[PDB]
């Protein structure tokens, strides 16, 4: 436990929006931010001293897996493999703290490189917006960039509309005791149409993916359903504030039916509101470090063609 030495570091930093699929649309789910910095450390800095990296509310350091927050870890000298500083995260407070090792007592003119991929946090970005700012502060020095966030349209066909995203995916490769879990959120009727005989079918099945490690059944699957008030603006990044919505789950205990081929059905009957369905379920066993996962959601209603959305890993 030594001193905060943010004052004793300087840096040369870029923060760049990467259009990962190069489609001229910046979307938190698909695209990311590249943080690159060369940091110089004053010779006065000593073992046990620490510096911080902070980041804006529009930045997070993990994606779908809140375990992977370590390709952001200890800083090492690539010429000798020695650790220069050890990393500890406080993601809840948008903070990383690096504590210098004995390296800074032994070496003078200490320099460190970081090359991180970090992500856009949709919490404060509920709709498409121009010039949204993302920033990182290394020591006391802040680097900013901006992007025009353009979320894709919901999937619509006639009067049916739907949207979906995985929100959390943690697969444990080769672990038989706990292969892991994943969560999917489905927005039903975001267009707020009056529908009759509306039904949602969620399925962890697709003919292009026999490799699928998704799973849906009465045994491992948990569902919650929320009703949004009329004209409520749903977060397009699927970052849901469930406390602003009405938990209507108990009203659906007799409207949820499991079916063949990893299917589940939800009978909505006559609706004119938007609904948020959150599906929590367990992965199958895999040895893959990057397993195939596909889960589909389809809304049908009377007088309309069906509409389908899905998400894949």
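Numbering follows the first chain given and starts at 1.
Chemist: If you average the CA temperature factors over each stretch, which comes out higher, 242-250 or 38-46?
Modeler: Per the PDB entry, the higher value belongs to 242-250.
Chemist: So which stretch wins on mean C-alpha B-factor, 28-36 or 275-283?
Modeler: Higher mean C-alpha B-factor in the PDB entry: 275-283.
Chemist: Of 184, 142, 80, 117, which one's C-alpha B factor is largest in the deposited record?
Modeler: It is 80.
Chemist: What's the residue among 125, 104, 162, 223 with the greatest CA temperature factor in the PDB record?
Modeler: Largest recorded C-alpha B-factor: 223.
Chemist: Compare the C-alpha B factor of residue 173 with those of the other modelled residues in its chain, then answer lowest, middle or highest third.
Modeler: Highest third - that is where residue 173 ends up once the chain's C-alpha B-factors are sorted.
Chemist: Would you mind checking where the Cα B-factor of residue 52 ranks among the modelled residues of its chain, as the lowest, middle or highest third?
Modeler: Bottom third by C-alpha B-factor.
Chemist: Looking at the C-alpha B-factor of residue 218, is it in the lowest, middle or highest third of its chain?
Modeler: Residue 218: CA B-factor falls in the highest third of its chain.
Chemist: How does residue 209 rank on Cα B-factor within its chain, lowest, middle or highest third?
Modeler: Tercile = highest for this residue's CA B-factor.
Chemist: Could you tell me which third, lowest, middle or highest, the C-alpha B-factor of residue 58 occupies within its chain?
Modeler: Within its chain, residue 58 is a lowest-third residue by C-alpha B-factor, going by the deposited values.
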